[PDB]
């Protein structure tokens with residue numbers, strides 16, 4: 001979620017960052033939001049280790065990192081289903 | 001209905017539901033007919049004092065254009081699942 005406090009219409013892009021995480025297919029996901037409004041979108045990511053993860057998300061415009069924020073994710077082991085009869 | 005007027009962000013208020021099951025699946029269906037009349041009386045008491053604007057959805061479509069843009073809405077019903085029509089009866093599959 002990205003909030004816009006400017007009085008003009010904004011378009012930013014953001015990239016993800018993590019130690020085992022990987023963006024599925026998004027080099028730079030650009031949005032297009034109007035003044036004084038938030039913008040929410042879901043990005044598909046794939047975890048590859050289990051445990052206490054650290055996602056870094058950073059907003060990037062014209063090669064410049066605008067803003068960044070770190071969240072904490074717990075990835076669980078993937079269990080197989082019962083052997084079918 | 002009126003407490004929603006207090007919030008500044010409530011621009012359009014929308015209510016949708018089945019128009020026949022609510023008066024036909026209650027314990028005392030005749031009283032639900034009196035309830036509806038009382039509803040209609042009270043709703044006109046708010047539309048005259050210029051609190052709400054009791055109107056049709058077509059008029060809202062033209063008078064209030066949509067400025068925001070939604071890029072994706074996931075597949076779902078008002079029940080949050082499709083298991084009602086596929087899964088809650090053993091001979092659905």
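With respect to residue B:59, is the statement that it is more than 30 Å from residue A:32 (Cβ to Cβ) and either under 18 Å from the mean Cα position of the chain (by Cα) or surrounded by 10 or more Cβ atoms within 10 Å (Cβ to Cβ) (or both) true?
Spelling it out, it is not the case that residue B:59 is more than 30 Å from residue A:32 (Cβ to Cβ) and either under 18 Å from the mean Cα position of the chain (by Cα) or surrounded by 10 or more Cβ atoms within 10 Å (Cβ to Cβ) (or both).
For the stretch B:32-56, name all the residues that are in contact (Cβ under 8 Å) with a residue 12 or more places away in the chain and under 15 Å from the mean Cα position of the chain (by Cα).
Result: B:36, B:43.
Within the stretch B:52-74, work out how many residues are farther than 19 Å from residue B:5 by Cβ, more than 14 Å from every other protein chain (Cβ to nearest Cβ) and assigned to a loop (DSSP other than H, G, I, E, B).
Count: 1.
Do any strands (runs of 3 or more DSSP E) entirely within the stretch A:1-54 hold 2 or more residues that are more than 12 Å from chain B (Cβ to nearest Cβ) and in contact with a strand residue (DSSP E or B) (Cβ under 6 Å, 6 or more places away or on another chain), and if so, which?
By residue number, A:2-4, A:13-17.
Any chance you could count how many residues in the stretch B:7-31 are over 17 Å from the mean Cα position of the chain (by Cα) and either surrounded by fewer than 10 Cβ atoms within 10 Å (Cβ to Cβ) or under 19 Å from residue B:64 (Cα atoms) (or both)?
The number of residues fulfilling the criteria is 7.
List, please: which pairs have Cβ atoms under 8 Å, are six or more places apart or on different chains, and start with a residue in the stretch B:19-31 that is without any contact (Cβ under 8 Å) to a residue 24 or more places away in the chain and at positive phi and end with one that is surrounded by 11 or more Cβ atoms within 10 Å (Cβ to Cβ) and part of a loop (DSSP other than H, G, I, E, B)?
If the second residue must be surrounded by 11 or more Cβ atoms within 10 Å (Cβ to Cβ) and part of a loop (DSSP other than H, G, I, E, B), no pairs are left.
Out of B:39, B:23, which single residue is away from chain A (no Cβ under 14 Å), touching a helix residue (DSSP H, G or I) at 6+ places or on another chain (Cβ under 6 Å) and more than 30 Å from residue A:34 (Cα to Cα)?
Sole residue among the options that is away from chain A (no Cβ under 14 Å), touching a helix residue (DSSP H, G or I) at 6+ places or on another chain (Cβ under 6 Å) and more than 30 Å from residue A:34 (Cα to Cα): B:23.
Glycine also receives a Cβ, built like all others from the backbone with ideal geometry; neighbour counts cover every protein chain displayed. Each value in this text was obtained by applying a stated rule to the coordinates, not by laboratory testing.
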